[PDB]
Amino acid sequence: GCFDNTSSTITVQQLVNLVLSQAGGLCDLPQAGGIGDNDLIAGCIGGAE
Amino acid sequence: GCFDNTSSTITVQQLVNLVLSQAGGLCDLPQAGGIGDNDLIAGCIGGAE
Amino acid sequence: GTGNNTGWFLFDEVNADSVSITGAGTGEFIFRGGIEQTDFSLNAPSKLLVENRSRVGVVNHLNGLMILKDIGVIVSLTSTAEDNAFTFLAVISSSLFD
Numbered sequence: 101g102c103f104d105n106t107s108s109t110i111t112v113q114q115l116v117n118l119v120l121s122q123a124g125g126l127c128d129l130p131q132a133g134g135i136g137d138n139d140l141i142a143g144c145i146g147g148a149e
Numbered sequence: 101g102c103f104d105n106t107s108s109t110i111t112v113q114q115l116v117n118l119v120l121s122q123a124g125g126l127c128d129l130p131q132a133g134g135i136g137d138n139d140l141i142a143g144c145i146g147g148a149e
Numbered sequence: 295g296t297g298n299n300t301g302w303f304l305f306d307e308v309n310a311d312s313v314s315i316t317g318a319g320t321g322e323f324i325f326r327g328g329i330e331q332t333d334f335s336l337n338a339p340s341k342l343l344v345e346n347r348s349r350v351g352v353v354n355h356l357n358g359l360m361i362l363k364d365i366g367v368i369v370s371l372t373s374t375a376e377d378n379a380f381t382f383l384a385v386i387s388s389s390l391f392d
């Protein structure tokens, strides 16, 4: 990379941490106005999503 | 980037696969136990989230 | 248009040979004007609006919300969507009779 106008390098971890900070949360999802009879709900069944 | 002290390259797809390995998933979520009416639930609706 | 989309988009006097929308995005595409017989095909949970056009080519409605408004002429219309909170077809002041 060209960090701070210098030919240098950064750890993989540093980038990953920066990425996760922008991950976002479920609270930003749109709010549906109704529920059908073929909808699917996500949950931890058998210990997995 | 520098990998095992080797000047090689990796596709973004590979990078993406690695990144999610740390994001975990719903299992990481805490537990609340008690729920109210005004709360909201998550799921897949008519092909949308 | 594909993938996840949010917010509102506007096109004005944007002549186009055809338009296609897919994916799981939930944005709002707004069209307006133009002087070409454009086609449409929406299969997504997005919201689609068209208004103030002299003509529109073939139209397909597989999913999403389509609102046809104030169109001079429509070549043909189709619809096979299914009931969900994001889907509804509404037409306003437009004729199929050339």
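Protein chains in written order, with the deposited numbering: chain G, 101 to 149; chain H, 101 to 149; chain O, 295 to 392.
Note that the Cβ used here is the ideal one computed from N, Cα and C, for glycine as well.
The three-state reading of DSSP puts G:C144 in coil, since its state is none of H, G, I, E or B. Judged by DSSP secondary structure, G:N117 falls outside any beta strand (DSSP E) and instead within the alpha helix (DSSP H) spanning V112 to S121. The beta carbons of O:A375 and O:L356 sit about 6 angstroms from each other, so the pair counts as a contact at 8 angstroms.
Spatial neighbours of O:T372 in its own chain (CB-CB distance under 7 angstroms, excluding positions within 5 residues in sequence) are listed in chain order as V353, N354 and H355. Taken through DSSP and simplified to helix, strand or coil, O:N309 comes out as coil. Within chain G, the residues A142, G143, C144 and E149 have their CB atoms less than 8 angstroms from the CB of H:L126, given in chain order. For O:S387, the enclosing beta strand (DSSP E) has its first and last residue at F382 to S388. Taking every protein chain shown into account, the CB of G:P130 has fewer than 16 other CB atoms within 10 angstroms, so this residue is exposed.
The Cβ of O:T320 sits closer than 7 angstroms to at least one Cβ of chain G. For the set O:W302, O:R349, O:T316 and O:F334, the Cα lying nearest the Cα of O:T296 is the one of O:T316. In the DSSP assignment, O:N337 falls outside any beta strand (DSSP E), carrying neither H nor E.
Using a CB distance cut-off of 7 angstroms, O:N337 does not count as an interface residue toward chain G. Taking a Cβ-Cβ threshold of 7 angstroms, the residues of chain O close to G:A132 are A379, in chain order. Using a Cβ-Cβ cut-off of 7 angstroms, G:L118 does not count as an interface residue toward chain H, since no Cβ of chain H sits closer than that to its own.
Going by C-alpha positions, H:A123 is about 20 angstroms away from G:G146. Identification of residues in the region 302-313 of chain O having a C-beta nearer than 8 angstroms to some C-beta of chain H yields an empty set.
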